[PDB]
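File shown: protein-v5.json (JSON, C-alpha atoms).
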```
[["chain", "number", "residue", "atom", "x", "y", "z"],
["S", 1, "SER", "CA", -107.88, 86.32, -217.25],
["S", 2, "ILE", "CA", -109.30, 89.03, -219.49],
["S", 3, "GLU", "CA", -106.20, 89.84, -221.51],
["S", 4, "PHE", "CA", -107.49, 92.50, -223.86],
["S", 5, "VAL", "CA", -110.67, 94.49, -224.36],
["S", 6, "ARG", "CA", -111.38, 96.27, -227.60],
["S", 7, "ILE", "CA", -114.11, 98.38, -229.16],
["S", 8, "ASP", "CA", -114.50, 97.37, -232.79],
["S", 9, "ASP", "CA", -117.36, 97.63, -235.27],
["S", 10, "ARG", "CA", -115.82, 94.89, -237.42],
["S", 11, "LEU", "CA", -115.62, 92.55, -234.39],
["S", 12, "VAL", "CA", -114.16, 89.23, -235.61],
["S", 13, "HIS", "CA", -114.24, 90.32, -239.29],
["S", 14, "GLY", "CA", -111.03, 90.09, -241.26],
["S", 15, "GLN", "CA", -107.33, 89.90, -240.62],
["S", 16, "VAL", "CA", -107.54, 92.81, -238.17],
["S", 17, "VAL", "CA", -108.64, 90.82, -235.14],
["S", 18, "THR", "CA", -106.30, 87.87, -235.72],
["S", 19, "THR", "CA", -103.21, 90.05, -235.23],
["S", 20, "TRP", "CA", -104.60, 90.76, -231.76],
["S", 21, "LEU", "CA", -105.43, 87.09, -231.09],
["S", 22, "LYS", "CA", -101.84, 86.15, -231.96],
["S", 23, "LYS", "CA", -100.32, 89.02, -229.96],
["S", 24, "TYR", "CA", -102.28, 88.29, -226.78],
["S", 25, "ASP", "CA", -102.35, 84.53, -227.51],
["S", 26, "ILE", "CA", -106.12, 84.59, -227.24],
["S", 27, "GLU", "CA", -108.02, 81.35, -226.63],
["S", 28, "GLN", "CA", -111.50, 82.82, -226.30],
["S", 29, "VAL", "CA", -113.38, 85.85, -227.66],
["S", 30, "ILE", "CA", -116.44, 87.13, -225.82],
["S", 31, "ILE", "CA", -118.50, 89.58, -227.86],
["S", 32, "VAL", "CA", -120.32, 91.73, -225.29],
["S", 33, "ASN", "CA", -123.26, 93.35, -227.09],
["S", 34, "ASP", "CA", -127.03, 93.36, -226.45],
["S", 35, "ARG", "CA", -128.20, 93.25, -230.07],
["S", 36, "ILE", "CA", -125.80, 90.50, -231.17],
["S", 37, "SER", "CA", -126.58, 88.56, -228.01],
["S", 38, "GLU", "CA", -130.17, 88.76, -229.25],
["S", 39, "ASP", "CA", -129.52, 87.95, -232.91],
["S", 40, "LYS", "CA", -128.76, 84.36, -233.93],
["S", 41, "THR", "CA", -128.27, 85.35, -237.58],
["S", 42, "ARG", "CA", -125.39, 87.69, -236.83],
["S", 43, "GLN", "CA", -124.01, 85.20, -234.28],
["S", 44, "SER", "CA", -123.97, 82.54, -237.02],
["S", 45, "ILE", "CA", -122.21, 84.87, -239.45],
["S", 46, "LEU", "CA", -119.58, 85.80, -236.84],
["S", 47, "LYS", "CA", -119.09, 82.12, -235.91],
["S", 48, "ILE", "CA", -118.67, 81.34, -239.61],
["S", 49, "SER", "CA", -116.01, 84.07, -239.93],
["S", 50, "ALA", "CA", -113.93, 83.17, -236.86],
["S", 51, "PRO", "CA", -110.47, 81.53, -237.17],
["S", 52, "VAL", "CA", -109.98, 77.80, -236.67],
["S", 53, "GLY", "CA", -109.18, 77.33, -233.00],
["S", 54, "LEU", "CA", -111.17, 80.19, -231.47],
["S", 55, "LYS", "CA", -113.98, 79.70, -228.96],
["S", 56, "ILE", "CA", -116.45, 82.57, -229.37],
["S", 57, "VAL", "CA", -119.19, 83.35, -226.90],
["S", 58, "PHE", "CA", -121.85, 86.06, -227.06],
["S", 59, "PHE", "CA", -123.18, 87.92, -224.04],
["S", 60, "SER", "CA", -125.42, 90.84, -223.41],
["S", 61, "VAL", "CA", -123.90, 93.40, -221.05],
["S", 62, "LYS", "CA", -126.23, 92.25, -218.23],
["S", 63, "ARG", "CA", -125.32, 88.57, -218.62],
["S", 64, "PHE", "CA", -121.62, 89.32, -218.98],
["S", 65, "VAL", "CA", -121.55, 91.35, -215.78],
["S", 66, "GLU", "CA", -123.34, 88.47, -214.05],
["S", 67, "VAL", "CA", -120.79, 85.94, -215.34],
["S", 68, "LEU", "CA", -117.87, 88.25, -214.50],
["S", 69, "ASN", "CA", -119.06, 88.34, -210.88],
["S", 70, "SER", "CA", -120.09, 84.67, -210.66],
["S", 71, "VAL", "CA", -117.51, 82.67, -212.68],
["S", 72, "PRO", "CA", -113.71, 82.72, -212.87],
["S", 73, "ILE", "CA", -112.44, 83.08, -216.42],
["S", 74, "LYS", "CA", -109.71, 80.55, -217.14],
["S", 75, "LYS", "CA", -109.05, 80.76, -220.89],
["S", 76, "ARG", "CA", -107.05, 83.70, -222.24],
["S", 77, "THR", "CA", -109.96, 85.96, -223.19],
["S", 78, "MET", "CA", -110.50, 88.92, -225.49],
["S", 79, "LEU", "CA", -113.69, 90.96, -225.05],
["S", 80, "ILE", "CA", -115.01, 92.82, -228.08],
["S", 81, "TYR", "CA", -117.53, 95.67, -227.69],
["S", 82, "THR", "CA", -119.03, 97.98, -230.32],
["S", 83, "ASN", "CA", -119.51, 101.16, -228.20],
["S", 84, "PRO", "CA", -118.05, 102.76, -225.06],
["S", 85, "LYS", "CA", -121.39, 102.78, -223.20],
["S", 86, "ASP", "CA", -121.38, 98.96, -222.80],
["S", 87, "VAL", "CA", -117.77, 99.17, -221.64],
["S", 88, "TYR", "CA", -118.61, 101.75, -218.98],
["S", 89, "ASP", "CA", -121.62, 99.69, -217.84],
["S", 90, "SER", "CA", -119.26, 96.71, -217.54],
["S", 91, "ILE", "CA", -116.92, 98.85, -215.44],
["S", 92, "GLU", "CA", -119.76, 99.67, -213.06],
["S", 93, "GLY", "CA", -120.30, 95.91, -213.03],
["S", 94, "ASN", "CA", -116.74, 95.62, -211.62],
["S", 95, "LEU", "CA", -114.70, 95.06, -214.78],
["S", 96, "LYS", "CA", -111.22, 96.25, -213.82],
["S", 97, "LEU", "CA", -110.07, 98.12, -216.93],
["S", 98, "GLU", "CA", -106.66, 99.79, -216.91],
["S", 99, "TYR", "CA", -106.29, 99.81, -220.70],
["S", 100, "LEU", "CA", -108.96, 99.96, -223.40],
["S", 101, "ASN", "CA", -108.17, 99.56, -227.09],
["S", 102, "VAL", "CA", -110.44, 101.15, -229.71],
["S", 103, "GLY", "CA", -110.40, 99.56, -233.16],
["S", 104, "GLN", "CA", -113.02, 100.81, -235.63],
["S", 105, "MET", "CA", -116.10, 102.96, -235.00],
["S", 106, "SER", "CA", -118.14, 103.77, -238.09],
["S", 107, "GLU", "CA", -118.65, 112.62, -236.41],
["S", 108, "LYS", "CA", -115.14, 111.92, -237.69],
["S", 109, "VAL", "CA", -112.32, 112.16, -235.13],
["S", 110, "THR", "CA", -109.48, 110.00, -236.48],
["S", 111, "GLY", "CA", -108.97, 107.50, -239.25],
["S", 112, "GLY", "CA", -111.17, 104.67, -237.99],
["S", 113, "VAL", "CA", -113.14, 106.19, -235.09],
["S", 114, "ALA", "CA", -116.30, 108.27, -235.58],
["S", 115, "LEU", "CA", -117.77, 109.53, -232.30],
["S", 116, "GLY", "CA", -121.25, 110.73, -231.43],
["S", 117, "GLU", "CA", -122.54, 112.68, -228.45],
["S", 118, "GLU", "CA", -123.21, 109.50, -226.45],
["S", 119, "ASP", "CA", -119.79, 108.12, -227.42],
["S", 120, "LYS", "CA", -117.94, 111.24, -226.28],
["S", 121, "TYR", "CA", -119.96, 111.18, -223.05],
["S", 122, "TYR", "CA", -119.14, 107.59, -222.13],
["S", 123, "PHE", "CA", -115.54, 107.73, -223.37],
["S", 124, "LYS", "CA", -115.16, 110.71, -221.06],
["S", 125, "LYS", "CA", -116.56, 108.64, -218.19],
["S", 126, "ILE", "CA", -114.07, 105.85, -219.00],
["S", 127, "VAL", "CA", -111.06, 108.16, -219.14],
["S", 128, "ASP", "CA", -112.33, 109.70, -215.90],
["S", 129, "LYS", "CA", -112.41, 106.34, -214.14],
["S", 130, "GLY", "CA", -108.61, 106.09, -214.73],
["S", 131, "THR", "CA", -108.76, 103.88, -217.84],
["S", 132, "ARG", "CA", -106.07, 104.44, -220.49],
["S", 133, "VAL", "CA", -107.76, 104.57, -223.89],
["S", 134, "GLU", "CA", -105.92, 104.01, -227.16],
["S", 135, "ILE", "CA", -107.02, 104.18, -230.77],
["S", 136, "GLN", "CA", -105.01, 101.58, -232.67],
["S", 137, "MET", "CA", -106.29, 99.32, -235.45],
["S", 138, "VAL", "CA", -103.33, 96.93, -235.58],
["S", 139, "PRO", "CA", -100.42, 96.12, -233.24],
["S", 140, "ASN", "CA", -98.05, 97.74, -235.78],
["S", 141, "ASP", "CA", -100.33, 100.77, -236.25],
["S", 142, "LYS", "CA", -99.70, 104.19, -234.72],
["S", 143, "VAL", "CA", -101.31, 104.76, -231.32],
["S", 144, "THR", "CA", -103.35, 107.92, -230.78],
["S", 145, "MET", "CA", -104.77, 108.67, -227.32],
["S", 146, "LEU", "CA", -108.51, 109.24, -227.52],
["S", 147, "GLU", "CA", -108.47, 111.83, -224.70],
["S", 148, "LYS", "CA", -107.03, 114.07, -227.47],
["S", 149, "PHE", "CA", -110.56, 114.56, -228.86],
["S", 150, "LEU", "CA", -112.47, 114.59, -225.55]]
```
Show me, as structure tokens, the structure contained in the file I just sent.
Amino acid sequence: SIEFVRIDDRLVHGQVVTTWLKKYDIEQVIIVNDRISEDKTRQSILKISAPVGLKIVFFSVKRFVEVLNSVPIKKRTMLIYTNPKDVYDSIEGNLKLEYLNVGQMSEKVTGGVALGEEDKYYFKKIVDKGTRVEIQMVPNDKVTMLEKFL
């Protein structure tokens, strides 16, 4: 029951994410990131910043792939990544991804997304695997298809 997967440098920072948690009626955010999965300090800050009723879990890519293949996911879940490489590695780990939302990436391509060489490489692999990829900060924001810049 992964409802929504998003690439966002802010993660759970601000009013940006909560629009998405309302829209998809999210009960659970999984932040899938190696560094954050390592770092209790940034986990504590993100837990401190999360809205009232939200369960937040942190996984490395490896561990998340393992869980994905070993555990059914009941709660309505939003996955947040910070880069397309971890998304593609999750796809090879059997994440079925028809639609991928890109929030903020901090070179410049559009207002909110700054792409490197690695980013363009993996984004191209994602769009190649069939995934529909949309830059959109907020549900009311204008959609731009990322393939545009690939």
Residues around (-108.4, 83.9, -223.2), cut-off 12 Å, counting all atoms listed in the file - what are they as a PDB file with C-alpha atoms, in the coordinates of the input?
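Saved as selection_24.pdb:
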```
ATOM      1  CA  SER S   1    -107.880  86.320-217.250  1.00  0.00           C
ATOM      2  CA  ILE S   2    -109.300  89.030-219.490  1.00  0.00           C
ATOM      3  CA  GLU S   3    -106.200  89.840-221.510  1.00  0.00           C
ATOM      4  CA  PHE S   4    -107.490  92.500-223.860  1.00  0.00           C
ATOM      5  CA  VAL S   5    -110.670  94.490-224.360  1.00  0.00           C
ATOM      6  CA  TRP S  20    -104.600  90.760-231.760  1.00  0.00           C
ATOM      7  CA  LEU S  21    -105.430  87.090-231.090  1.00  0.00           C
ATOM      8  CA  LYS S  22    -101.840  86.150-231.960  1.00  0.00           C
ATOM      9  CA  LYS S  23    -100.320  89.020-229.960  1.00  0.00           C
ATOM     10  CA  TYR S  24    -102.280  88.290-226.780  1.00  0.00           C
ATOM     11  CA  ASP S  25    -102.350  84.530-227.510  1.00  0.00           C
ATOM     12  CA  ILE S  26    -106.120  84.590-227.240  1.00  0.00           C
ATOM     13  CA  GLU S  27    -108.020  81.350-226.630  1.00  0.00           C
ATOM     14  CA  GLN S  28    -111.500  82.820-226.300  1.00  0.00           C
ATOM     15  CA  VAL S  29    -113.380  85.850-227.660  1.00  0.00           C
ATOM     16  CA  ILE S  30    -116.440  87.130-225.820  1.00  0.00           C
ATOM     17  CA  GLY S  53    -109.180  77.330-233.000  1.00  0.00           C
ATOM     18  CA  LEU S  54    -111.170  80.190-231.470  1.00  0.00           C
ATOM     19  CA  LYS S  55    -113.980  79.700-228.960  1.00  0.00           C
ATOM     20  CA  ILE S  56    -116.450  82.570-229.370  1.00  0.00           C
ATOM     21  CA  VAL S  57    -119.190  83.350-226.900  1.00  0.00           C
ATOM     22  CA  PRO S  72    -113.710  82.720-212.870  1.00  0.00           C
ATOM     23  CA  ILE S  73    -112.440  83.080-216.420  1.00  0.00           C
ATOM     24  CA  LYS S  74    -109.710  80.550-217.140  1.00  0.00           C
ATOM     25  CA  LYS S  75    -109.050  80.760-220.890  1.00  0.00           C
ATOM     26  CA  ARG S  76    -107.050  83.700-222.240  1.00  0.00           C
ATOM     27  CA  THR S  77    -109.960  85.960-223.190  1.00  0.00           C
ATOM     28  CA  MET S  78    -110.500  88.920-225.490  1.00  0.00           C
ATOM     29  CA  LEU S  79    -113.690  90.960-225.050  1.00  0.00           C
TER      30      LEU S  79
END
```
Would you kindly return, as a count of residues only, each protein, DNA or RNA residue with an atom no farther than 7 Å from any atom of region 120-131 of chain S, considering only C-alpha atoms and excluding same-chain residues fewer than 2 positions away? 13
So how many Å separate CA of residue 93 (chain S) and CA of residue 64 (chain S), to one decimal?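 Between CA of residue 93 (chain S) and CA of residue 64 (chain S) the gap is 9.0 Å.
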To one decimal in Å, tell me the separation between CA of residue 8 (chain S) and CA of residue 102 (chain S).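 Those two atoms sit 6.3 Å apart.
With all atoms listed in the file as the basis for measurement, S:81 is the residue among S:46, S:52, S:81, S:66 that approaches residue 34 (chain S) most closely.
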Interatomic distance, CA of residue 110 (chain S) to CA of residue 80 (chain S) (Å, one decimal):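 It comes out at 19.9 Å.
Contact shell of residue 33 (chain S) at 9 Å (all atoms listed in the file; same-chain neighbours under 5 positions omitted): residues 38, 58, 59, 60, 61, 80, 81, 82, 83 and 86 of chain S.
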Residues within 10 Å of residue 113 (chain S), only C-alpha atoms, excluding chain neighbours under 6 positions, as a PyMOL selection string: chain S and resi 7-9+102-107+135-137+146
Which of these, S:141, S:134, S:119, S:89, has the shortest distance to residue 101 (chain S) once you count only C-alpha atoms? S:134
Of the candidates S:12, S:19, S:62, S:95, which shows the shortest atom-to-atom distance to residue 42 (chain S), using all atoms listed in the file?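 Going through S:12, S:19, S:62, S:95 one by one, the smallest distance to residue 42 (chain S) is for S:12.
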For residue 94 (chain S), work out the shell of residues within 9 Å, counting all atoms listed in the file and skipping chain neighbours fewer than 4 positions away, then give it as an NGL selection string. :S and (65 or 68-69 or 89-90)
Restore N, CA, C and O atoms in region 78-95 of chain S and list the result as a compact mmCIF listing (two decimals), in the coordinates of the input.
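Output file result.txt is given in full below:
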```txt
# COMPACT_ATOMS: atom_id res chain seq x y z
N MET S 78 -110.38 87.60 -224.89
CA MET S 78 -110.50 88.92 -225.49
C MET S 78 -111.98 89.27 -225.49
O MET S 78 -112.80 88.46 -225.92
N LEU S 79 -112.33 90.43 -224.95
CA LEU S 79 -113.69 90.96 -225.05
C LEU S 79 -113.76 91.99 -226.16
O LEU S 79 -112.93 92.91 -226.21
N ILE S 80 -114.77 91.86 -227.01
CA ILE S 80 -115.01 92.82 -228.08
C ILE S 80 -116.36 93.47 -227.82
O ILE S 80 -117.38 92.78 -227.65
N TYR S 81 -116.36 94.80 -227.78
CA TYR S 81 -117.53 95.67 -227.69
C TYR S 81 -117.66 96.46 -229.00
O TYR S 81 -116.73 96.52 -229.81
N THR S 82 -118.81 97.08 -229.18
CA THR S 82 -119.03 97.98 -230.32
C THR S 82 -119.21 99.45 -229.94
O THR S 82 -119.37 100.27 -230.84
N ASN S 83 -119.21 99.80 -228.65
CA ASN S 83 -119.51 101.16 -228.20
C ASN S 83 -118.94 101.34 -226.80
O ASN S 83 -118.79 100.35 -226.07
N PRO S 84 -118.60 102.56 -226.41
CA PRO S 84 -118.05 102.76 -225.06
C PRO S 84 -119.08 102.66 -223.94
O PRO S 84 -118.71 102.42 -222.79
N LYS S 85 -120.36 102.91 -224.23
CA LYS S 85 -121.39 102.78 -223.20
C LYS S 85 -121.40 101.38 -222.57
O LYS S 85 -121.39 101.25 -221.34
N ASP S 86 -121.42 100.31 -223.38
CA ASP S 86 -121.38 98.96 -222.80
C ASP S 86 -120.10 98.68 -222.02
O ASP S 86 -120.12 97.88 -221.07
N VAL S 87 -118.99 99.30 -222.40
CA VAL S 87 -117.77 99.17 -221.64
C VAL S 87 -117.93 99.84 -220.28
O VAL S 87 -117.59 99.25 -219.24
N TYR S 88 -118.45 101.07 -220.26
CA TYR S 88 -118.61 101.75 -218.98
C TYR S 88 -119.57 100.98 -218.08
O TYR S 88 -119.31 100.82 -216.87
N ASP S 89 -120.67 100.45 -218.65
CA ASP S 89 -121.62 99.69 -217.84
C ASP S 89 -120.96 98.44 -217.30
O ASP S 89 -121.25 98.03 -216.17
N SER S 90 -120.06 97.82 -218.07
CA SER S 90 -119.26 96.71 -217.54
C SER S 90 -118.32 97.15 -216.43
O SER S 90 -118.06 96.38 -215.50
N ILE S 91 -117.80 98.37 -216.50
CA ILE S 91 -116.92 98.85 -215.44
C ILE S 91 -117.71 99.02 -214.15
O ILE S 91 -117.27 98.60 -213.07
N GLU S 92 -118.91 99.60 -214.24
CA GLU S 92 -119.76 99.67 -213.06
C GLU S 92 -120.11 98.29 -212.54
O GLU S 92 -120.32 98.11 -211.34
N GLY S 93 -120.15 97.29 -213.43
CA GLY S 93 -120.30 95.91 -213.03
C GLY S 93 -119.02 95.24 -212.55
O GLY S 93 -118.95 94.01 -212.51
N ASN S 94 -118.00 96.05 -212.23
CA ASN S 94 -116.74 95.62 -211.62
C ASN S 94 -115.74 95.02 -212.60
O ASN S 94 -114.90 94.21 -212.20
N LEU S 95 -115.79 95.41 -213.87
CA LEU S 95 -114.70 95.06 -214.78
C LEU S 95 -113.54 95.99 -214.47
O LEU S 95 -113.67 97.22 -214.61
```
